[PDB]
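In the structure tokens that follow, the same protein chain appears in two forms, which are kept apart as structure 1 and structure 2.
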Structure 1
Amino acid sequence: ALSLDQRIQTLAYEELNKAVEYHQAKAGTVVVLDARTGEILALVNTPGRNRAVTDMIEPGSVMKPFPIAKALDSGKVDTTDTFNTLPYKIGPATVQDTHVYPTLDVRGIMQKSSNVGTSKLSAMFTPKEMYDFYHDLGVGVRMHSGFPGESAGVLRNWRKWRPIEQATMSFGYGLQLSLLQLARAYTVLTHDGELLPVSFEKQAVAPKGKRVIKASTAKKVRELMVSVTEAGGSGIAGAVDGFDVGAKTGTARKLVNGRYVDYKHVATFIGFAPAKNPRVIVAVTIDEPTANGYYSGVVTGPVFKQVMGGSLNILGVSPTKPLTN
């Protein structure tokens, strides 16, 4: 009846805890979705409540593939287009990357995780168009997974938005998602641009997605995302031997009385493989690591590596390129 694979479940548990202990972190979560059905194959939380469904976080940089997809789907951006990625101001506040480049093409924006570049891609759409796009991805939306305490997330209405909000949401702040809503949204990337329902039951009928982007655009985005796990990309720690992996890192500062603090982070890592035609999505978040680094790449990449590499094995998926080990 249940779609949870005990072997992936066990693997996800062990590796989650090994990372949480190692990094002296408060809490953490792993979800593993079927990339074409939305079946949950694994879902684990450090002890306590089912954080995967009940808790909402700001996605940060693991949001960025979505505005990017939107740009490309519209016809207004091509994958080769170059953008000005310098710091710029919207009223008082300033939008910037942690490493400054003067320009990046779209592929640069993904591989390096450019806040500015993502917000330049966002800025070509009306508030309504971005809202509608995030809503269609399930941001702020009940999933009816069948779990109790299901968080809807938060998606403030576009009629209310200050201009800075459009921009900050495009690179992941001022909006909130359960890790499970976030994994789900990635089915748009994996299921040829159709958002899938999520369920913990084996399903007897093909599930029907809602079309959000073209099949051609998901394909292009998945290829862009391979850059994240190769040299020059922020998720190199996440690479799995034998396979190209489309992934996205995200490190977020936390909100304490509504101001962002520089001594408290949430590390996230979501990816799928094989990149060209994925079978699986793996999502990791770890909250408030205190030892042995705080970046997505070093905190959540290794966890992802082991859960993805062990899932592909367990499901009888063969390596698509030769090992270098």
Structure 2
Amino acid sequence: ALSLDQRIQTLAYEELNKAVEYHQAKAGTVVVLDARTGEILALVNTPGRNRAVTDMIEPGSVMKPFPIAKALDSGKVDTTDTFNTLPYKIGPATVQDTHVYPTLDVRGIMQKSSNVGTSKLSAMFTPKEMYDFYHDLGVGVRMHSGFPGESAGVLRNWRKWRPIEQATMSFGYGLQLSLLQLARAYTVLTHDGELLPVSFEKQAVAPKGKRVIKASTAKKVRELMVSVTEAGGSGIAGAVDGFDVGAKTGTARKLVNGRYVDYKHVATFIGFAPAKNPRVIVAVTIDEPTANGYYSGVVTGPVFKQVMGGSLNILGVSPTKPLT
């Protein structure tokens, strides 16, 4: 039997279509995963191929939790550690934030989506250490979901990395993943540090995962990510009434469309809830929005909010705080 829940599939389809129409976008995808099993509860695309598995993107901001997790897991960084987050140079290249802050701690780096802060955390590790970590998350790795045309994405050999490329990878550029690979990678955060296999078939036994970080680290990262959907957070448009939600949002770049070259901006939102004890991962992409907003949170947050809220309701999960 398929793991897909027709109620969630219908909800995802309707909310996706609503956003694609409103923002006059080219295409879109929603993936909903069981956060503790890797089973696909919904997977919808606009008409055409199964872009969730075929289309790889440079993920942008949604990748940031991972170098943060690696840094915390290593013991080299504490959540309260503060970093100089002013723009800086690597050779002639500049790494800078959208909103400039002189200093941020790790919670702030997550909350504000700081490219500088994330790059500095990554810079504490060798190219090999970072590559091995990204590889362990499934970047450049086949999922073997049994979907046809499944992209492995791109993770360049660390032996070829320049310092600027290590830096840009930490904030989601210079490596490429499909939306389903991104959703899968988020299971390290939701399933207490263990990467789950992805399946569209109902699983008869407990899927065993590969441990990537400690469970304590995964828990701390989920906590940090709640700041993204609270006041002051880059992902407020994706807050879900009655729940705490860990999430990231940002603009990804599509360089490959099917079997062809491309260059498109893709609004992205991915997250999980309830944040302390997650049941669901929802991931959303909308390709080339051209109306009523072009910043990613406003385009995709509302899709995430409705799909997440509705999925939790459908599965019977009680709100953890009174509704506003």
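Along the sequence of structure 1, residues get numbers from 1 upward. The term rigid core refers to the maximal set of C-alpha atoms that superpose within 1.5 Å between the two forms.
S.K.: Can you tell me which of these residues, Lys214, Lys254, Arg107, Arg156, is the one whose C-alpha shifts by at least 2 angstroms between structure 1 and structure 2 after a rigid core fit?
M.R.: The one that shifts is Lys254.
S.K.: After superposing the rigid core, is the C-alpha displacement of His265 2 Å or more between structure 1 and structure 2?
M.R.: The answer is yes; the displacement is at least 2 Å.
S.K.: Once the rigid core is superposed, tell me how far the Cα of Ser296 moves between structure 1 and structure 2, in Å to one decimal.
M.R.: Reported C-alpha shift between structure 1 and structure 2: 1.7 Å at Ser296.
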